[PDB]
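Should a chain be cited, it is by its letter among A, B, C, D, E and F, assigned in written order, with residues numbered from 1 in that chain.
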């Protein structure tokens, strides 16, 4: 997959959303897609934005991945 | 690592819950409703994982699970209220 | 600006430069093929009039072209031989390189 | 023979003291070794000689699984007493005829 | 950058047209840069570094 | 004084500026003052010397700066209790 090896800057997400994930040190797109919606709602400053910004990219949260990170 | 501190509200009602011995009477001192106490015990439980009180008939007793975490709340509000006094006093 | 012989040539891979010393001259006996750089030579680049497009690229990616232009010597195409002698002649007064 | 390594020799257009012929002539001599490999696919050999006189295949360090048919095939000549040749032979197994172009064009290693 | 025109315009030159914002036009340029620095559009432009 | 303002003051001093206290605070440079302006209403006195180039440490501000370190050092004690 050509999206997993890219950082979180390839989304053009909102500045409010662009700063929230940096609190938990989200480095990879795979890193953010591993974590589901049931625990990302805890962080303050998305629920009505992340699904639609990710659907057009052919990706969605909740997928299960192994050998991660492969470095 | 972002330091996820406890909420700014669950701590003060937790100190008055033991002193007042009743949850309903714990809300009149903090000019809030009784339902607000149960809203904040869960959010703070995410870090602890331990239950704060044990149910008793017409009484409130102390459990060891939440007892360890009493000892690190009552000094936070003491000094911050003192902190408010210092700037206010020196300003005048 | 005076021309100089050096291994510091912009816009060229280090692999192609693996057959030269730190003075930029190919070793004796090294097998060479057409297109390879036997000796490096950089001439002082002039002031270039930047078109409206390349200014955008320099603004984005930041690579600024220094006052250097590549005029190095390359093997003529279709020739695959072995360098068996290097003859360097220097003028009196100018410092000669380590290979000299 | 596919590759040869000689100490103190850079290219195949040089010379060495005590050596009567040229390095290219030595390579032409090396073209004609009848060597047989029994077990493996490729054999690395080593030749050492010092003194005065012709050099044949006998001076090569014989191995237990290396078969040299011609022992009198002249390789080179050493004229000086202090002349010492130390040359390494790379012998491979193959069929047909292979020039020196496809080898370098095939192996990208420097 | 004067692309498709006869000349370029500086910060105040475009400021007198739309808004006199000095650093804000500059941060508009910075936003454009980071938009163009993204690995979503720069893939083909990066190839133009060796010329 | 909300506990969100608790972590915007401690980073201000060690970063010697309000805008410079944003990279390690996972926040932009604007919000660092939004809590401080409220501090001058609940508590009601200055903390730092606001200047164009930098900020001068005040004796009262450092006293709270140490007070913010008492609040977090024992907060770590609750953290390592979970650890």
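We adopt the following convention: a residue touches a chain if its C-beta (ideal position, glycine included) is under 8 Å from a C-beta of that chain, and two chains touch if they have at least 3 such contacts.
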item	value
Of B-F and A-B, whichever chain pair has more C-beta contact pairs	B-F
Furthest chain, CA centroid comparison against chain A	D
Per-chain Cα centre nearest the global Cα centre, belonging to chain	A
Averaged-CA centre spacing for the pair chain D and chain C, given as whole angstrom	37
Gap in Å, rounded to a whole number, between the CA centres of chain E and chain A	29
Centre-to-centre distance between chain E and chain C (centres being mean Cα positions), rounded to whole Å	34
Where chain A touches two or more other chains at once, by residue number	23
Where chain C touches two or more other chains, by residue	none
Where chain B touches two or more other chains, by residue	2
Pairs of chains in contact (touch as defined earlier), listed by label	A-B, A-E, A-F, B-F, C-D, C-E
Chain C-touching residues of chain D, taken from the complex the two chains share	10-14, 101, 104, 110
Residue ranges of chain F touching chain A (in the complex, touch as defined)	26-28
Chain C-facing residues of chain E, complex	1-5, 8, 33, 36-37, 42, 45-46, 48-50
Chain B to chain F touching residues, read off their complex	2-3, 5-8, 47-49, 68-69, 72, 75-76, 79-80, 83-84, 86-88, 90-91
Complex interface listing, chain B residues touching chain A	1-2, 46
